[PDB]
Amino acid sequence: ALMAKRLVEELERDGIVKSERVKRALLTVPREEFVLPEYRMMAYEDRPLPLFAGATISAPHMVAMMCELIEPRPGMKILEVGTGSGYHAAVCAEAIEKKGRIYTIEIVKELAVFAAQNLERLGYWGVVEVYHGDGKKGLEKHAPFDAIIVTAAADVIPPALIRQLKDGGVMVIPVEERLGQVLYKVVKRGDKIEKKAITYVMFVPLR
Ligand SMILES: Nc1ncnc2c1ncn2[C@@H]1O[C@H](CSCC[C@H](N)C(=O)O)[C@@H](O)[C@H]1O
């Protein structure tokens with residue numbers, strides 16, 4: 001509790017957690033429950049903890065930046081690309097106050113089994129849905145989406161996710177450019193795109 005209270009306050013003064021709604025989600029969400037038992041001690045630390053199969057639980061700053069950028073409001077249909085631990089998915093679920101749905105796709109079958117497991121241990125099942133598949137393809141079974149969060153570094157923006165984005169929809173996609181990856185925000189204006197650039201992020205590449 002105290003480590004969680006200190007973390008989100010530290011984040012607030014840095015100017016990451018601008019929204020109170022985003023902050024409440026961070027405080028509510030136990031990261032300890034998404035990390036593997038050994039990393040429980042370091043769960044509250046603001047760095048990407050290691051996970052099996054190349055996955056890494058995205059740092060609490062990386063998660064607050066993406067939630068902040070998708071403009072969280074209740075009743076959102078959200079597509080999280082690259083579930084991993086599913087920690088980001090629970091944070092988006094609290095940000096929408098459990099009203100709506102978090103659809104989350106994962107290339108690794110093993111990883112999807114672990115994320116879905118943690119999401120049941122806390123009560124996110126139903127609100128959050130896990131799929132074993134391709135992030136580039138996306139979920140056309142439930143599309144269009146209010147927010148799409150790409151928790152992996154694309155070489156180029158997949159066109160299958162811009163089209164799976166509904167009118168007014170936000171997509172926060174790390175794109176691997178020169179001198180590193182740039183966190184990008186994409187805004188859909190009916191038929192027009194708005195590719196806006198934020199900060200230089202460190203993310204695992206997209207398959
Ligand atoms: N093409 C692809 N489609 C779906 N998932 C992918 C992918 N390429 C990589 N991934 C997965 O995306 C994950 C990145 S880790 C993201 C962790 C997440 N923000 C959290 O806190 O839960 C890894 O599990 C990796 O296997």
# chains A, B, ... in the order shown; residues from 1 in each chain; ligands from 1

call {"tool": "closest_atom_pairs", "arguments": {"of": "chain A", "to": "ligand 1", "cutoff": "8 Å", "atoms": "only C-alpha atoms and all ligand atoms", "output": "Markdown table"}}
result
| residue | atom | partner | partner_atom_place_in_ligand_line | distance |
| --- | --- | --- | --- | --- |
| A:34 | CA | ligand 1 | 22 (O) | 7.5 |
| A:53 | CA | ligand 1 | 26 (O) | 6.5 |
| A:54 | CA | ligand 1 | 26 (O) | 6.3 |
| A:55 | CA | ligand 1 | 23 (C) | 4.0 |
| A:56 | CA | ligand 1 | 15 (S) | 4.9 |
| A:57 | CA | ligand 1 | 21 (O) | 4.2 |
| A:58 | CA | ligand 1 | 21 (O) | 4.4 |
| A:59 | CA | ligand 1 | 21 (O) | 7.3 |
| A:62 | CA | ligand 1 | 19 (N) | 8.0 |
| A:63 | CA | ligand 1 | 19 (N) | 6.6 |
| A:81 | CA | ligand 1 | 4 (C) | 5.7 |
| A:82 | CA | ligand 1 | 12 (O) | 3.2 |
| A:83 | CA | ligand 1 | 22 (O) | 5.0 |
| A:84 | CA | ligand 1 | 24 (O) | 3.3 |
| A:85 | CA | ligand 1 | 22 (O) | 3.8 |
| A:86 | CA | ligand 1 | 22 (O) | 3.5 |
| A:87 | CA | ligand 1 | 22 (O) | 3.9 |
| A:88 | CA | ligand 1 | 21 (O) | 4.3 |
| A:89 | CA | ligand 1 | 22 (O) | 6.4 |
| A:105 | CA | ligand 1 | 4 (C) | 5.5 |
| A:106 | CA | ligand 1 | 5 (N) | 3.7 |
| A:107 | CA | ligand 1 | 4 (C) | 4.0 |
| A:108 | CA | ligand 1 | 26 (O) | 5.3 |
| A:111 | CA | ligand 1 | 24 (O) | 5.8 |
| A:112 | CA | ligand 1 | 24 (O) | 7.8 |
| A:115 | CA | ligand 1 | 22 (O) | 7.3 |
| A:132 | CA | ligand 1 | 4 (C) | 7.7 |
| A:133 | CA | ligand 1 | 4 (C) | 6.0 |
| A:134 | CA | ligand 1 | 3 (N) | 4.0 |
| A:135 | CA | ligand 1 | 3 (N) | 3.3 |
| A:136 | CA | ligand 1 | 1 (N) | 5.6 |
| A:151 | CA | ligand 1 | 16 (C) | 4.8 |
| A:152 | CA | ligand 1 | 14 (C) | 5.2 |
| A:203 | CA | ligand 1 | 14 (C) | 7.9 |
| A:204 | CA | ligand 1 | 14 (C) | 6.1 |
| A:205 | CA | ligand 1 | 9 (C) | 6.4 |
| A:206 | CA | ligand 1 | 8 (N) | 3.8 |
| A:207 | CA | ligand 1 | 1 (N) | 3.7 |

call {"tool": "residues_around", "arguments": {"residues": "residue 149 (chain A)", "least_positions_apart": "2", "cutoff": "7 Å", "atoms": "only C-alpha atoms", "output": "number ranges by chain"}}
result
A: 66, 79-81, 147, 151, 171-173

call {"tool": "write_last_selection", "arguments": {"atoms": "N, CA, C and O atoms", "output": "PDB file, in the first residue's frame"}}
result
ATOM      1  N   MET A  66       0.463   5.476 -21.512  1.00  0.00           N
ATOM      2  CA  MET A  66      -0.439   4.875 -22.485  1.00  0.00           C
ATOM      3  C   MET A  66      -1.901   5.011 -22.114  1.00  0.00           C
ATOM      4  O   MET A  66      -2.717   5.301 -22.986  1.00  0.00           O
ATOM      5  N   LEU A  79      -8.461  -2.583 -27.158  1.00  0.00           N
ATOM      6  CA  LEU A  79      -7.642  -3.662 -27.700  1.00  0.00           C
ATOM      7  C   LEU A  79      -6.195  -3.519 -27.250  1.00  0.00           C
ATOM      8  O   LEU A  79      -5.446  -2.705 -27.806  1.00  0.00           O
ATOM      9  N   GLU A  80      -5.787  -4.331 -26.272  1.00  0.00           N
ATOM     10  CA  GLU A  80      -4.402  -4.300 -25.840  1.00  0.00           C
ATOM     11  C   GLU A  80      -3.596  -5.310 -26.640  1.00  0.00           C
ATOM     12  O   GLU A  80      -3.854  -6.513 -26.585  1.00  0.00           O
ATOM     13  N   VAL A  81      -2.636  -4.811 -27.409  1.00  0.00           N
ATOM     14  CA  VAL A  81      -1.774  -5.658 -28.226  1.00  0.00           C
ATOM     15  C   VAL A  81      -0.562  -6.082 -27.397  1.00  0.00           C
ATOM     16  O   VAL A  81       0.198  -5.237 -26.912  1.00  0.00           O
ATOM     17  N   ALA A 147     -10.103   2.517 -27.987  1.00  0.00           N
ATOM     18  CA  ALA A 147      -8.672   2.660 -27.746  1.00  0.00           C
ATOM     19  C   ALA A 147      -7.967   1.382 -28.121  1.00  0.00           C
ATOM     20  O   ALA A 147      -8.482   0.299 -27.864  1.00  0.00           O
ATOM     21  N   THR A 151       1.444  -2.625 -26.685  1.00  0.00           N
ATOM     22  CA  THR A 151       2.499  -2.785 -25.689  1.00  0.00           C
ATOM     23  C   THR A 151       3.718  -3.549 -26.234  1.00  0.00           C
ATOM     24  O   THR A 151       4.291  -4.397 -25.543  1.00  0.00           O
ATOM     25  N   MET A 171      -4.793   5.331 -30.609  1.00  0.00           N
ATOM     26  CA  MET A 171      -3.882   4.208 -30.644  1.00  0.00           C
ATOM     27  C   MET A 171      -2.519   4.708 -30.254  1.00  0.00           C
ATOM     28  O   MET A 171      -1.961   5.604 -30.903  1.00  0.00           O
ATOM     29  N   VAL A 172      -1.985   4.113 -29.185  1.00  0.00           N
ATOM     30  CA  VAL A 172      -0.677   4.446 -28.657  1.00  0.00           C
ATOM     31  C   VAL A 172       0.261   3.294 -29.026  1.00  0.00           C
ATOM     32  O   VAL A 172       0.148   2.191 -28.482  1.00  0.00           O
ATOM     33  N   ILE A 173       1.090   3.543 -30.063  1.00  0.00           N
ATOM     34  CA  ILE A 173       1.993   2.581 -30.682  1.00  0.00           C
ATOM     35  C   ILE A 173       3.474   3.008 -30.665  1.00  0.00           C
ATOM     36  O   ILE A 173       3.855   3.984 -31.321  1.00  0.00           O
TER      37      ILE A 173
END

call {"tool": "atom_distance", "arguments": {"atom1": "CA of residue 146 (chain A)", "atom2": "CA of residue 161 (chain A)"}}
result
11.5 Å

call {"tool": "closest_residue", "arguments": {"among": "A:154, A:128, A:27, A:49", "to": "residue 183 (chain A)", "atoms": "only C-alpha atoms"}}
result
A:154

call {"tool": "residues_around", "arguments": {"residues": "residue 46 (chain A)", "least_positions_apart": "3", "cutoff": "12 Å", "atoms": "only C-alpha atoms", "output": "PyMOL selection string"}}
result
chain A and resi 3-4+6-8+10-11+26+31+42-43+49+57-64

call {"tool": "select_by_dssp", "arguments": {"residues": "region 13-195 of chain A", "states": "alpha helix (DSSP H)", "output": "PyMOL selection string"}}
result
chain A and resi 13-14+20-28+60-69+87-95+109-122+159-162

call {"tool": "select_by_dssp", "arguments": {"residues": "region 10-207 of chain A", "states": "strand (DSSP E)", "output": "ChimeraX atom specification"}}
result
/A:49-50,56-57,76-81,100-106,128-132,145-150,165-177,180-189,192-201

call {"tool": "closest_residue", "arguments": {"among": "A:45, A:12, A:120, A:20", "to": "residue 32 (chain A)", "atoms": "only C-alpha atoms"}}
result
A:45

call {"tool": "closest_residue", "arguments": {"among": "A:137, A:121, A:18, A:196", "to": "residue 33 (chain A)", "atoms": "only C-alpha atoms"}}
result
A:121

call {"tool": "closest_residue", "arguments": {"among": "A:201, A:36, A:48, A:21", "to": "residue 93 (chain A)", "atoms": "only C-alpha atoms"}}
result
A:21

call {"tool": "closest_residue", "arguments": {"among": "A:153, A:177, A:109, A:159", "to": "residue 202 (chain A)", "atoms": "only C-alpha atoms"}}
result
A:153

call {"tool": "atom_distance", "arguments": {"atom1": "CA of residue 50 (chain A)", "atom2": "CA of residue 118 (chain A)"}}
result
16.2 Å

call {"tool": "atom_distance", "arguments": {"atom1": "CA of residue 164 (chain A)", "atom2": "CA of residue 142 (chain A)"}}
result
9.1 Å

call {"tool": "closest_residue", "arguments": {"among": "A:44, A:23, A:139, A:52", "to": "residue 103 (chain A)", "atoms": "only C-alpha atoms"}}
result
A:139

call {"tool": "residues_around", "arguments": {"residues": "residue 116 (chain A)", "least_positions_apart": "5", "cutoff": "8 Å", "atoms": "only C-alpha atoms", "output": "list in words"}}
result
residues 86, 125, 129 and 130 of chain A
